[PDB]
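We begin with a single chain expressed as structure tokens, specifically the form deposited in one PDB entry.
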């Protein structure tokens, strides 16, 4: 309460670095306690985003992202049940050049976080967290739900990629902390997008005619998203990310010749 609200302030000070690990771990514990009131924790994070300073606002977004990724699932479930989330579409801090330059990334980051919650609301699970493989959701999903879902992943992916940063813009610790989290979400979201496409291909011959047409349209849009993903991971390579963590994309884009099973 007061201990919750004070930690939120400590994670969002004016200092030019991402939120400290010590404050983040306390918040994460907060989400795991049945007696903590989630909505009050969320609301203190929204209030910080009405601040006029870019640093405060960006750190509040980053703390929110970190809780969505490492926190108990009850946090993202609450976020997804609201009707309005971040409204920072017109944010502009003009107090200094850094301000002007960071304002754009704030707009774009906040839109990604909104879309992450909206996707949870739509399908009732977190694409980043579910079982992968052959025994896992994305892969073992009936043809109806699949056709429904894949387009939601694609939308979340597009918002993630519109962050559109270049290596030479990663110049302070606040934006770099954002990027590292975005990187983690990007790799897991790709894994799930890929798994879904694998299911599609598996089932794309045994299916109705109009289905196979929705199908085709997804594979279609997946191949252009593949290209964008590769540009994103190349920023990651330029910045110095351990090449062991970067996933190998040499996988599933040759079969565009079912654009004729519409025999």
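Only residues modelled in both forms are compared. Positions refer to the first chain, counted from 1. Definition used throughout: the rigid core is the maximal C-alpha set that superposes within 1.5 Å between two forms.
Below, we refer to the form deposited in another entry, which is not included among the displayed structures.
- Superposing the two forms on their core leaves just one of 239, 252, 16, 24 with a Cα displacement of at least 2 Å between this form and the one not shown, namely 252.
- Legend note: Cα of residue 258 to Cα of residue 211 is at least 3 Å farther in the other entry than in the depicted form.
- Relative to what is shown, residue 143 and residue 258 are farther apart in the other entry; their C-alpha atoms differ in spacing by at least 3 Å.
- Residues present in both forms were compared between this form and the one not shown after fitting on the core; the only consecutive run of three or more with every C-alpha moved by 2 angstroms or more is 251 to 263.
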